[PDB]
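Report on the structure given below.
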Amino acid sequence: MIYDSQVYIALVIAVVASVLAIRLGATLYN
Amino acid sequence: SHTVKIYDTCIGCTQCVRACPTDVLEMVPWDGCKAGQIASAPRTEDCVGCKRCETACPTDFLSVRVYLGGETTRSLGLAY
Amino acid sequence: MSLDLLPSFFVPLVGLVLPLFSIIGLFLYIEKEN
Amino acid sequence: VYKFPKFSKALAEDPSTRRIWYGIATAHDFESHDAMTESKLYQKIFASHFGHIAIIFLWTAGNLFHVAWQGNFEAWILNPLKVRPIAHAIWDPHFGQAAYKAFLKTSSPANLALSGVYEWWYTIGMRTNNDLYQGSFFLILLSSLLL
Amino acid sequence: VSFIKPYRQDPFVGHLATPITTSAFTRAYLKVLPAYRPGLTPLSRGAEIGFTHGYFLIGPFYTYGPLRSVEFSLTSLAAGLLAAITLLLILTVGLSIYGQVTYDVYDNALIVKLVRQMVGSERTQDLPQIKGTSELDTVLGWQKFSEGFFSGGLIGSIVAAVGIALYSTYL
Amino acid sequence: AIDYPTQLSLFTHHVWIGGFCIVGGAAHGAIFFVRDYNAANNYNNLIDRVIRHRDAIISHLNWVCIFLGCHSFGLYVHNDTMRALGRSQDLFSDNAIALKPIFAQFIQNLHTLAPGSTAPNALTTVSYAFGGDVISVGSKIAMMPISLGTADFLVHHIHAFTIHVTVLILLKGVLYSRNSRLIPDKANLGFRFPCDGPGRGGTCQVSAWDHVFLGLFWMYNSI
Amino acid sequence: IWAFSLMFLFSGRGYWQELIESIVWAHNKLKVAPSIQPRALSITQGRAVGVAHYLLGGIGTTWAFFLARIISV
Amino acid sequence: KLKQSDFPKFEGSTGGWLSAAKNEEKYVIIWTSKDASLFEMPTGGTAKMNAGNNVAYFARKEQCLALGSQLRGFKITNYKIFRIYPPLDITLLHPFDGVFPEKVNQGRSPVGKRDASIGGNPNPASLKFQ
Amino acid sequence: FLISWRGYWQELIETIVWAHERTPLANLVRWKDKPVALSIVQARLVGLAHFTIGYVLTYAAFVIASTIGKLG
Amino acid sequence: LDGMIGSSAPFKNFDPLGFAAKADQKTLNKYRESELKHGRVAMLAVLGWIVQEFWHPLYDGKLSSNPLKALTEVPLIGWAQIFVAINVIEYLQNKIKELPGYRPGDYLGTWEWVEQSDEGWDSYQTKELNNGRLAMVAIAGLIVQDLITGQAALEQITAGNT
Ligand code: CLA
Ligand code: CLA
Ligand code: CLA
Ligand code: CLA
Ligand code: CLA
Ligand code: CLA
Ligand SMILES: CC1=C(C/C=C(\C)CCC[C@H](C)CCC[C@H](C)CCCC(C)C)C(=O)c2ccccc2C1=O
Ligand code: SF4
Ligand code: SF4
């Protein structure tokens, strides 16, 4: 069983990967 | 609007012009055939792409060619 | 908040809210003018 | 009725719903886009490749995380021939009590895993739900690298 | 006698003057509806439409929802009310985006005359053209229409829930 | 009646023949409209007035078809998804939300009461399907009251929906056989032609024959 | 037969004409090309063949199913 | 009965023009007939000509041209088709130079003419990124 | 989407367009893009996509459920 | 008692008491409106009387087949809805009455299409008026007979209380 801290930081890191994805998405232009 | 091109294999038999349902083609003077006439496409903005023009073409591989392109309310045949 | 509450927090969130905002954005974008 | 097919002015002038339909289906045909050069083509393909590899790694990380969180990997280690691997838990508001009871596996309704990831990860030397979590973390980091 | 004639003496319109399109009953009935009733601001039209729509929308959700009850249940009423309110929210979102993408006007019935008189040599579709002269056909008008629809929907849904509870309890 | 293969075969064969003949009647109505219809000889008569408002007919028939299909088939799908979700009390069943065909049951009651009340010189109902006793010959049932419940409601509305869609296809073929907003001179192309071309976004199957083709498909479905 | 119908219902005339072109090339290479030039079925005839085969296959499947079921029991 | 006296005696059909031919463009065909012949509308059913000036409005150029092609069967040739924009912006369309397009008229220049057959078209690979 | 082609769906859409344009309480709402039938190539693609998705889904369901329900 | 529609063969321009000889056009329009409304309501009432007598499927049977007895058996919340519906209908009729070219009993707006009325249109309007008058007499007789005798129409006829 994984802890709340383990899932929480994985969610936070996933958010960072999301901001990197929109930056790539917006850089590939409208 | 679609693109219509005429090629010098035209024999001036007028069958394309009298088959156009939207008055796109017309016969113009020429000196490359016996009839002294060649088809022209001066009103391609009304071209609908039905390709009746090249169904009436007797030349071997056509003298009028319709290339479908960008669509318009006129070219889509929209009464609405 | 336990870990077993995360499905009930996220599945409605994603599967309903994300469609709504995505539809809003996509409709606005594809209905734009110049 | 404008500006959606930014890559095609011919479609953007279409007054019909065909513009929306063709805007989707021609988005990845970069060679047919307006104001197109070869350098831009290769660069866009390169960036799209990077985004695609990032998507693949994120998908693998999600599989790892959901096996680590809602699966029964650790229990399956001790009895691989009797315990059925679990892919992920289910939370669907439309379930009746009967559906909840039938899909109930251990603590929550869940889907059996038919991808064979349990056997693959067990073979390559994974024995803990913390080993899977490390893999998910590393794969999300790799996805961030690729993006 | 003939009871079907070309509409407004135009035989080329895609319409007909049947005993249903242009009957006195149709005229009066459509002129008493909030969408066409004279003397109503767009906010008032939206408010009345929202009230009626929430009022009849709470019905199917409460009666046939996932949490029905052959007897009266507060949970069933709350579920139906919440479903109706969220559906009204979705409809209001649709109204808002439709008005955002449709009109670019703040005062109609004038701009048409201005461009028919003082010329409209511009990018058109805002100065010229302009379909419809109603106050509902403006950015401001449609925004207030959506606001009224949303508020009236909430109020009508609450009123219908209260009425349903009273009918189920005291009858 | 006790030869079940004969009864089943006779019913199915005759219904198939009926559906085929109905599609053929629609086809030949379209053929008449294309070929033998004279506009001058039919000024302001019933045929002319039907063509003049073909849009209204076809649009309302379209709405009716969508309504009937949505309802019948989606009630079927709702039953299927409620059963798949373990919610047996949310179905459109007899032990659940019930849709009793009350109008048909009223007619069934009227027929079983007809002998002696409305048909006073009758000794027995016309058919035991409307009600009465179980008629058996050699321990095999010949006829018996056919009970109508929520299952018959759904299938009857499925029948109505399929019939309406077939009528929609065939009537659209007949009415739009001469002209349309797409092809204003469709009558000059004849009854049987593949298209007018890839233009107008595509003018496949605009004939009237291509409507007897789709209507044949939908008649197969309905029958 | 019902599955056979879908070849005519789903496909188009141009592909079959261009395949007949290569078949005719082979026949001409072997000097066995018929004088009556082989052409793919017209669009309307392709639709007619498709619908006829579809109806025959479906009705025959239901025919065999009904007859076997109601004769056995 | 009708807005204008020159309209054909048509009872109106739900196949005429729509909101498009009020804000985008509408097409009008005019012709003079010797007899009040009964003809079929391109949109709906049968209409009656006027023994004189006849004017009809349609939503498409193709509808007007189909009506004109029908008129040729009545030995009517002087029919002329115009395009009307949202305001009264009339443009003569079909008899553009007064002579039907099927008959050669001096003063017409070839449009869209290529001085080669189909086989002379350039290879598509040489028409990449232009 | 594969058997029925275009042309039959454009006229029906035109009838629907007339119905929407000529009905009260719905004239207030009008489309920005003119509704037209799917193009021939688009229709072929959509029919192929439905065919393939249905094929894959039904066979996946069959193989998985049959194996599970037959072999315990 | 004018060129108004409704004059039939047995008694043409039937105004024996001279109610219309002194009234203006507005009063005559009011009289025609009242007559047409009474006739329509009476036709509905007669049809309902008979049909209710030999068929009352609603309310799970019950609701005794004798009229003027089921009048006091309807849940009284269905009475309110019928009353409100009639009221809304007559509000709509009032709104119609101010439309230009309005005719006394014409709520369909037939004046829009019917200019220079024919003899068939006048004959059909007279048919409606005469049927309405006959139904008014019939419903008055029905109510009076049910009050004095206590039996309904087909019940009194069946027994022979004539
Ligand atoms: C592509 C990989 C992937 C996929 C298909 C899924 C699928 C699912 N997840 Mg999930 N998840 C993933 C990765 C993934 N996960 C990762 C990496 C994390 C760690 C942060 C989580 C954490 C997580 C939680 C905490 C929960 C789920 C839940 C769920 C289920 C409901 C959907 C939901 O609420 O999402 C919510 C998902 C997140 C909040 C995390 C974001 C998911 C990844 C990072 C984004 C991937 C995007 C993808 C590549 C393309 C996006 C397309 C988009 C532009 C439209 C569903 C089975 C719920 C569940 O189990 O219900 C029973 C739930 O409560 N997920
Ligand atoms: C991931 C996708 C997803 C999710 C999470 C849900 C979730 C839900 N669906 Mg649903 N649905 C979906 C996709 C989804 N749907 C799709 C794609 C379809 C079409 C195939 C349907 C078709 C469908 C039907 C036909 C029905 C549902 C119903 C429900 C509810 C379950 C019944 C119950 O016990 O709640 C009981 C519900 C309540 C007690 C009230 C819920 C009302 C909303 C959802 C609450 C939202 C709150 C929101 C934040 C308010 C915003 C602020 C506002 C006040 C201004 C639940 C909310 C049922 C339902 O409840 O209907 C409303 C129902 O009848 N769904
Ligand atoms: C199973 C396959 C299938 C289905 C579903 C349909 C469905 C339909 N056909 Mg048909 N058709 C088929 C095969 C099928 N066809 C084939 C093989 C052919 C070849 C010959 C045709 C040829 C054909 C013609 C020629 C015509 C139709 C027409 C129709 C429509 C009738 C109106 C109706 O019921 O709409 C209601 C829709 C349904 C019943 C489909 C299911 C909808 C569900 C049950 C309810 C709604 C679900 C909900 C919205 C989901 C939301 C959630 C989602 C967003 C995730 C309907 C869309 C007619 C038409 O245009 O319509 C009038 C018509 O003229 N069809
Ligand atoms: C047409 C087909 C159909 C119908 C009638 C229903 C009906 C229903 N479904 Mg359902 N369903 C269907 C298809 C259908 N389903 C399909 C295809 C699926 C699979 C995708 C589902 C999946 C599904 C789920 C998962 C659930 C339901 C549920 C329900 C119930 C509540 C739905 C609700 O909130 O109503 C909302 C209704 C409205 C907002 C009103 C719409 C209807 C109005 C009354 C029309 C009025 C027209 C009017 C008369 C016009 C004239 C007006 C006049 C003034 C002129 C209800 C019995 C829920 C349940 O449990 O119930 C038992 C639930 O949880 N459905
Ligand atoms: C590879 C899989 C496969 C395929 C492609 C087929 C193909 C076919 N089978 Mg089939 N079959 C298979 C496997 C398969 N079979 C197996 C494994 C079995 C078990 C022995 C059968 C048993 C079987 C029987 C017993 C029957 C078929 C029939 C058919 C034909 C249907 C033709 C058609 O257009 O249907 C069109 C589809 C329909 C008209 C509806 C299908 C029936 C549904 C389930 C009933 C639902 C109706 C319901 C009231 C709602 C309907 C709404 C809507 C129809 C309006 C077709 C040739 C039937 C036939 O002859 O035609 C139907 C038939 O009688 N097959
Ligand atoms: C003045 C007219 C009138 C009035 C006051 C009543 C009153 C009554 N009828 Mg009734 N009825 C009428 C006419 C009328 N009827 C007509 C003309 C018929 C023949 C179709 C019937 C057939 C009928 C049956 C079969 C039953 C009743 C029953 C009843 C009782 C319960 C209410 C009910 O369910 O109505 C039901 C009414 C109908 C089903 C039909 C009403 C149709 C209306 C009158 C026509 C349309 C009215 C419209 C909204 C307004 C006109 C528009 C325009 C002209 C302005 C109640 C005493 C029930 C009872 O308990 O019987 C003892 C019962 O079962 N009625
Ligand atoms: C295969 C095919 C062809 C080619 C088909 C041809 C050329 C038909 C050839 C028929 C042969 C030559 C005669 C029939 C031979 C059969 C063995 C006889 C029938 C069997 C009897 C028992 C009836 C098309 O022309 C076509 C056109 C439009 C859409 C789809 C298609 C299509 O799918
Ligand atoms: S498509 Fe061929 S026929 Fe139709 S208009 Fe353009 S050219 Fe004339
Ligand atoms: S697509 Fe339309 S046009 Fe092209 S061939 Fe098939 S039918 Fe004729």
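In the structure tokens, chains take letters A, B, ... by order of appearance, with residues numbered from 1 within each chain and ligands from 1 in the order shown.
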Which residues, written as a list in words, have at least one atom at most 10 Å from residue 134 in chain F, with only C-alpha atoms counted and residues fewer than 3 positions away on the same chain left out?
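Here the qualifying residues turn out to be residues 128, 129, 131, 141, 142, 143, 144 and 145 of chain F.
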Near-residue 91 in chain H list (10 Å; only C-alpha atoms; drop same-chain fewer than 2 positions) as a ChimeraX atom specification
/H:27-28,81-85,88-89,93-94,96
Do you know which residues are at most 7 Å from residue 8 in chain B counting only C-alpha atoms, after dropping those on the same chain fewer than 3 positions away, and could you put them as a ChimeraX atom specification?
/B:63 /H:114-117
As JSON, numbers by chain, please: the residues near range 52-69 of chain D (cut-off 9 Å, only C-alpha atoms, same-chain neighbours under 3 positions excluded).
{"A": [1, 2, 7, 21], "D": [47, 48, 49, 72, 73, 74, 85, 86, 87, 88, 89, 113, 117, 118, 128, 129, 130, 131, 132, 133, 134, 135, 136, 137, 138, 139, 140, 142, 143, 144, 145, 146, 147]}
Pull N, CA, C and O atoms from the residues just selected and write them as a CSV table (one decimal), in the first residue's frame.
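In the end it all went to result15.csv:
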```
chain,number,residue,atom,x,y,z
A,1,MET,N,0.8,-1.2,0.0
A,1,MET,CA,0.0,0.0,0.0
A,1,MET,C,0.9,1.3,0.0
A,1,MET,O,1.7,1.4,0.9
A,2,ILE,N,0.7,2.1,-1.0
A,2,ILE,CA,1.4,3.4,-1.1
A,2,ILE,C,0.7,4.4,-0.2
A,2,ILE,O,-0.5,4.4,0.0
A,7,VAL,N,1.4,9.3,-3.4
A,7,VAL,CA,0.4,9.6,-4.5
A,7,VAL,C,0.4,11.1,-4.7
A,7,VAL,O,0.3,11.6,-5.8
A,21,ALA,N,3.6,19.8,-21.3
A,21,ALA,CA,2.9,19.3,-22.4
A,21,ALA,C,2.2,20.5,-23.2
A,21,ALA,O,2.2,20.5,-24.4
D,47,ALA,N,9.3,17.4,-33.4
D,47,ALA,CA,8.6,17.8,-32.1
D,47,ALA,C,7.4,16.9,-31.9
D,47,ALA,O,7.2,16.5,-30.7
D,48,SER,N,6.7,16.5,-32.9
D,48,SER,CA,5.6,15.6,-32.7
D,48,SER,C,6.0,14.2,-32.3
D,48,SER,O,5.4,13.5,-31.5
D,49,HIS,N,7.2,13.7,-32.8
D,49,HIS,CA,7.8,12.5,-32.3
D,49,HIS,C,8.1,12.6,-30.8
D,49,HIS,O,7.9,11.6,-30.1
D,72,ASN,N,-3.2,-5.9,-7.1
D,72,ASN,CA,-2.9,-6.9,-6.1
D,72,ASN,C,-1.5,-7.6,-6.5
D,72,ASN,O,-1.4,-8.8,-6.4
D,73,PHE,N,-0.6,-6.7,-6.9
D,73,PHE,CA,0.7,-7.3,-7.3
D,73,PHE,C,1.4,-8.0,-6.2
D,73,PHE,O,1.9,-9.2,-6.5
D,74,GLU,N,1.5,-7.5,-5.0
D,74,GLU,CA,2.2,-8.2,-3.9
D,74,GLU,C,1.5,-9.5,-3.6
D,74,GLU,O,2.2,-10.5,-3.3
D,85,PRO,N,-4.6,-11.2,-11.5
D,85,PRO,CA,-4.1,-9.9,-11.4
D,85,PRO,C,-5.2,-8.8,-11.6
D,85,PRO,O,-6.2,-9.1,-12.4
D,86,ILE,N,-5.1,-7.7,-11.0
D,86,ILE,CA,-6.1,-6.6,-11.0
D,86,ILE,C,-5.4,-5.5,-11.8
D,86,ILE,O,-4.3,-5.0,-11.5
D,87,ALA,N,-6.2,-4.9,-12.8
D,87,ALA,CA,-5.6,-3.8,-13.5
D,87,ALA,C,-5.8,-2.5,-12.8
D,87,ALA,O,-4.8,-1.8,-12.5
D,88,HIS,N,-7.0,-2.1,-12.5
D,88,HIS,CA,-7.3,-0.9,-11.8
D,88,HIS,C,-8.7,-1.0,-11.1
D,88,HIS,O,-9.5,-1.8,-11.5
D,89,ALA,N,-9.0,-0.1,-10.2
D,89,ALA,CA,-10.2,-0.1,-9.5
D,89,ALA,C,-11.3,0.6,-10.4
D,89,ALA,O,-11.0,1.3,-11.4
D,113,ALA,N,-6.5,-7.7,-15.0
D,113,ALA,CA,-5.5,-7.2,-15.9
D,113,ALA,C,-5.2,-8.3,-17.0
D,113,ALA,O,-4.8,-9.4,-16.6
D,117,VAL,N,1.0,-7.5,-17.7
D,117,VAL,CA,2.0,-6.7,-17.1
D,117,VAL,C,2.5,-7.3,-15.8
D,117,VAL,O,3.7,-7.1,-15.4
D,118,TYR,N,1.7,-7.9,-15.0
D,118,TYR,CA,2.1,-8.6,-13.8
D,118,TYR,C,3.2,-9.5,-14.0
D,118,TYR,O,4.3,-9.5,-13.3
D,128,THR,N,7.5,-5.5,-5.2
D,128,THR,CA,6.9,-4.6,-4.3
D,128,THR,C,6.0,-3.6,-5.0
D,128,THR,O,6.4,-3.2,-6.1
D,129,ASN,N,5.0,-3.1,-4.4
D,129,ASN,CA,4.2,-2.0,-4.9
D,129,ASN,C,4.9,-0.7,-4.8
D,129,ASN,O,4.5,0.3,-5.3
D,130,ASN,N,6.1,-0.6,-4.1
D,130,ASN,CA,7.0,0.5,-4.2
D,130,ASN,C,8.0,0.5,-5.3
D,130,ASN,O,8.5,1.5,-5.7
D,131,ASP,N,8.2,-0.7,-5.9
D,131,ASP,CA,9.0,-0.8,-7.1
D,131,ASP,C,8.3,-0.3,-8.3
D,131,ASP,O,8.8,0.4,-9.1
D,132,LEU,N,7.0,-0.6,-8.3
D,132,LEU,CA,6.1,-0.1,-9.4
D,132,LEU,C,6.0,1.5,-9.3
D,132,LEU,O,6.0,2.2,-10.3
D,133,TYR,N,5.9,2.0,-8.1
D,133,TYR,CA,5.8,3.4,-7.9
D,133,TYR,C,7.0,4.1,-8.4
D,133,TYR,O,7.0,5.2,-9.0
D,134,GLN,N,8.2,3.5,-8.1
D,134,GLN,CA,9.4,4.1,-8.6
D,134,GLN,C,9.5,4.2,-10.1
D,134,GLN,O,9.9,5.1,-10.7
D,135,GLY,N,9.0,3.1,-10.7
D,135,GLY,CA,9.0,3.1,-12.2
D,135,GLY,C,8.0,4.1,-12.7
D,135,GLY,O,8.4,4.8,-13.7
D,136,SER,N,6.9,4.3,-12.1
D,136,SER,CA,6.0,5.4,-12.6
D,136,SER,C,6.6,6.7,-12.4
D,136,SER,O,6.5,7.6,-13.3
D,137,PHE,N,7.2,7.0,-11.3
D,137,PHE,CA,7.9,8.3,-11.0
D,137,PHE,C,9.0,8.5,-12.1
D,137,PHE,O,9.0,9.6,-12.7
D,138,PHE,N,9.8,7.5,-12.4
D,138,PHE,CA,10.9,7.7,-13.3
D,138,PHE,C,10.3,7.9,-14.7
D,138,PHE,O,10.9,8.7,-15.5
D,139,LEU,N,9.2,7.2,-15.1
D,139,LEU,CA,8.7,7.3,-16.4
D,139,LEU,C,8.0,8.7,-16.6
D,139,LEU,O,8.1,9.3,-17.7
D,140,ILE,N,7.4,9.3,-15.5
D,140,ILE,CA,6.9,10.6,-15.6
D,140,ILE,C,8.0,11.6,-15.8
D,140,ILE,O,7.9,12.6,-16.6
D,142,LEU,N,10.8,10.9,-17.3
D,142,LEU,CA,11.3,10.8,-18.7
D,142,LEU,C,10.3,11.5,-19.7
D,142,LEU,O,10.7,12.1,-20.7
D,143,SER,N,9.0,11.4,-19.4
D,143,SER,CA,8.0,12.1,-20.2
D,143,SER,C,8.3,13.6,-20.1
D,143,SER,O,8.1,14.3,-21.2
D,144,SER,N,8.6,14.1,-19.0
D,144,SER,CA,8.9,15.5,-18.8
D,144,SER,C,10.2,15.9,-19.6
D,144,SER,O,10.2,16.9,-20.3
D,145,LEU,N,11.2,15.0,-19.6
D,145,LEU,CA,12.4,15.2,-20.4
D,145,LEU,C,12.0,15.3,-21.9
D,145,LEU,O,12.5,16.2,-22.6
D,146,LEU,N,11.2,14.4,-22.4
D,146,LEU,CA,10.8,14.4,-23.8
D,146,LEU,C,10.0,15.6,-24.2
D,146,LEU,O,10.2,16.1,-25.3
D,147,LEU,N,9.1,16.0,-23.3
D,147,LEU,CA,8.3,17.2,-23.6
D,147,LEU,C,9.2,18.4,-23.7
D,147,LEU,O,9.1,19.3,-24.6
```
Mind listing the residues within 6 Å of ligand 7, only C-alpha atoms and all ligand atoms counted, as a PDB file with N, CA, C and O atoms, in the first residue's frame?
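Output below, filename part.pdb:
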```
ATOM      1  N   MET G   7     -19.310  -7.048 -50.705  1.00  0.00           N
ATOM      2  CA  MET G   7     -18.304  -6.657 -51.686  1.00  0.00           C
ATOM      3  C   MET G   7     -18.865  -5.652 -52.679  1.00  0.00           C
ATOM      4  O   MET G   7     -18.207  -4.662 -53.013  1.00  0.00           O
ATOM      5  N   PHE G   8     -20.077  -5.898 -53.175  1.00  0.00           N
ATOM      6  CA  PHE G   8     -20.693  -4.965 -54.108  1.00  0.00           C
ATOM      7  C   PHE G   8     -21.229  -3.729 -53.402  1.00  0.00           C
ATOM      8  O   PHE G   8     -21.200  -2.634 -53.974  1.00  0.00           O
ATOM      9  N   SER G  11     -17.868  -1.467 -52.093  1.00  0.00           N
ATOM     10  CA  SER G  11     -16.823  -1.084 -53.029  1.00  0.00           C
ATOM     11  C   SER G  11     -17.380  -0.183 -54.124  1.00  0.00           C
ATOM     12  O   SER G  11     -18.551   0.207 -54.120  1.00  0.00           O
ATOM     13  N   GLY G  12     -16.515   0.152 -55.086  1.00  0.00           N
ATOM     14  CA  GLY G  12     -16.892   1.032 -56.169  1.00  0.00           C
ATOM     15  C   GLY G  12     -16.384   0.513 -57.499  1.00  0.00           C
ATOM     16  O   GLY G  12     -15.537  -0.379 -57.560  1.00  0.00           O
ATOM     17  N   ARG G  13     -16.910   1.110 -58.568  1.00  0.00           N
ATOM     18  CA  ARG G  13     -16.673   0.594 -59.912  1.00  0.00           C
ATOM     19  C   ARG G  13     -15.245   0.820 -60.391  1.00  0.00           C
ATOM     20  O   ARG G  13     -14.717   0.002 -61.153  1.00  0.00           O
ATOM     21  N   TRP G  16     -12.652  -1.982 -59.592  1.00  0.00           N
ATOM     22  CA  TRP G  16     -12.867  -3.210 -60.344  1.00  0.00           C
ATOM     23  C   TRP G  16     -12.532  -3.022 -61.815  1.00  0.00           C
ATOM     24  O   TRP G  16     -11.998  -3.933 -62.455  1.00  0.00           O
ATOM     25  N   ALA G  40     -16.455  -3.557 -65.852  1.00  0.00           N
ATOM     26  CA  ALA G  40     -17.034  -3.749 -64.532  1.00  0.00           C
ATOM     27  C   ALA G  40     -18.502  -3.343 -64.544  1.00  0.00           C
ATOM     28  O   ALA G  40     -18.928  -2.496 -65.333  1.00  0.00           O
ATOM     29  N   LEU G  41     -19.283  -3.973 -63.669  1.00  0.00           N
ATOM     30  CA  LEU G  41     -20.710  -3.689 -63.604  1.00  0.00           C
ATOM     31  C   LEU G  41     -20.943  -2.212 -63.319  1.00  0.00           C
ATOM     32  O   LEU G  41     -20.244  -1.605 -62.506  1.00  0.00           O
ATOM     33  N   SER G  42     -21.931  -1.635 -63.998  1.00  0.00           N
ATOM     34  CA  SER G  42     -22.254  -0.231 -63.795  1.00  0.00           C
ATOM     35  C   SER G  42     -22.606   0.029 -62.333  1.00  0.00           C
ATOM     36  O   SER G  42     -22.923  -0.885 -61.569  1.00  0.00           O
ATOM     37  N   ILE G  43     -22.532   1.305 -61.949  1.00  0.00           N
ATOM     38  CA  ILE G  43     -22.765   1.686 -60.557  1.00  0.00           C
ATOM     39  C   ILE G  43     -24.143   1.224 -60.105  1.00  0.00           C
ATOM     40  O   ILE G  43     -24.299   0.600 -59.045  1.00  0.00           O
ATOM     41  N   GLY G  46     -24.113  -2.473 -59.892  1.00  0.00           N
ATOM     42  CA  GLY G  46     -23.407  -2.888 -58.692  1.00  0.00           C
ATOM     43  C   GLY G  46     -24.284  -2.795 -57.459  1.00  0.00           C
ATOM     44  O   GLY G  46     -24.323  -3.716 -56.638  1.00  0.00           O
TER      45      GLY G  46
END
```
Once you count only C-alpha atoms and all ligand atoms, which residues end up within 6 Å of ligand 9, and could you hand them over as a PyMOL selection string?
chain F and resi 194-195+197-198+202-204
Could you list the residues in chain I lying within 6 Å of chain D, using only C-alpha atoms, and format the result as a list in words?
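Filtering chain I at 6 Å from chain D with only C-alpha atoms gives residues 33, 34 and 35 of chain I.
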How would you write, as an MDAnalysis selection string, the set of residues no farther than 6 Å from ligand 2 when counting only C-alpha atoms and all ligand atoms?
(chainID C and resid 11:12 15:16) or (chainID D and resid 93:94) or (chainID E and resid 65:66 79 82:83 85:86 89)
Create the file for the chosen residues now, containing N, CA, C and O atoms and written as a compact mmCIF listing (two decimals), in the first residue's frame.
```
# COMPACT_ATOMS: atom_id res chain seq x y z
N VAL C 11 -12.94 10.92 -10.66
CA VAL C 11 -13.72 10.41 -11.79
C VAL C 11 -14.84 11.37 -12.19
O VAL C 11 -14.96 11.67 -13.39
N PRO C 12 -15.68 11.88 -11.28
CA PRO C 12 -16.64 12.91 -11.71
C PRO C 12 -15.94 14.13 -12.25
O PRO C 12 -16.30 14.62 -13.34
N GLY C 15 -14.31 13.13 -15.81
CA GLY C 15 -15.25 12.64 -16.80
C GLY C 15 -16.47 13.51 -17.04
O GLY C 15 -17.22 13.23 -17.97
N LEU C 16 -16.69 14.54 -16.22
CA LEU C 16 -17.77 15.48 -16.49
C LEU C 16 -17.28 16.91 -16.66
O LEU C 16 -17.66 17.57 -17.63
N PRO D 93 -20.76 5.61 -11.11
CA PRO D 93 -22.00 5.88 -10.36
C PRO D 93 -23.20 5.10 -10.86
O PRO D 93 -24.19 4.98 -10.12
N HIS D 94 -23.16 4.56 -12.08
CA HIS D 94 -24.30 3.86 -12.64
C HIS D 94 -24.44 2.43 -12.13
O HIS D 94 -25.44 1.78 -12.44
N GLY E 65 -35.76 9.46 -11.97
CA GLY E 65 -34.34 9.48 -11.77
C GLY E 65 -33.78 8.16 -11.26
O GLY E 65 -34.47 7.14 -11.20
N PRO E 66 -32.49 8.16 -10.90
CA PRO E 66 -31.90 6.95 -10.32
C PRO E 66 -32.26 6.73 -8.86
O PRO E 66 -32.00 5.65 -8.33
N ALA E 79 -32.32 15.19 -5.31
CA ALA E 79 -31.64 14.68 -6.50
C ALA E 79 -32.24 15.27 -7.77
O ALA E 79 -31.51 15.72 -8.66
N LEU E 82 -31.28 19.02 -7.98
CA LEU E 82 -29.89 19.22 -8.38
C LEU E 82 -29.68 18.88 -9.84
O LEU E 82 -28.95 19.59 -10.55
N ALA E 83 -30.29 17.79 -10.32
CA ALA E 83 -30.16 17.44 -11.73
C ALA E 83 -30.76 18.52 -12.63
O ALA E 83 -30.16 18.89 -13.64
N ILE E 85 -31.12 21.72 -11.89
CA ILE E 85 -30.28 22.92 -11.82
C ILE E 85 -29.02 22.75 -12.65
O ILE E 85 -28.60 23.68 -13.35
N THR E 86 -28.40 21.57 -12.61
CA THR E 86 -27.20 21.36 -13.42
C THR E 86 -27.53 21.35 -14.91
O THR E 86 -26.74 21.84 -15.72
N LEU E 89 -27.76 24.82 -15.87
CA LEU E 89 -26.41 25.37 -16.00
C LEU E 89 -25.79 25.01 -17.34
O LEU E 89 -25.15 25.84 -17.98
```
